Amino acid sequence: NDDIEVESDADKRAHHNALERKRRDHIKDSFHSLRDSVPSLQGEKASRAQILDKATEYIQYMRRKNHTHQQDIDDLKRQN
């Protein structure tokens, strides 16, 4: 835009700031959705570090749980 390039400094500042608010809101949102996707804290409190941490923890748990399910499938597929 041709207005954008010729806009005032007050206009530049305000914008820079507005874009950062928007960036932070996206992330705050994304932390929300991760929070709710993880049953160890489905929808209560939890600091950003806990969300990231319990999220890594869950992924590992699930993997363990998955290796266990697929064996019991193979072995039930032996019986069947």
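If you superpose the two forms and keep the largest set of C-alpha atoms that fall within 1.5 Å, you have the rigid core. Start at 1 and count along the sequence shown; that's the residue number.
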item: 42-50 against 26-34 - segment lying farther from this form in 7 other deposited structures of this protein (CA RMS, rigid core fit); value: 42-50
item: Selected stretch [higher average CA B-factor]: 62-70 or 13-21; value: 62-70
item: Mean C-alpha B-factor comparison - 3-11 and 71-79, higher one; value: 71-79
item: Deposited CA B-factor, highest of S30, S37, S47, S40; value: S40
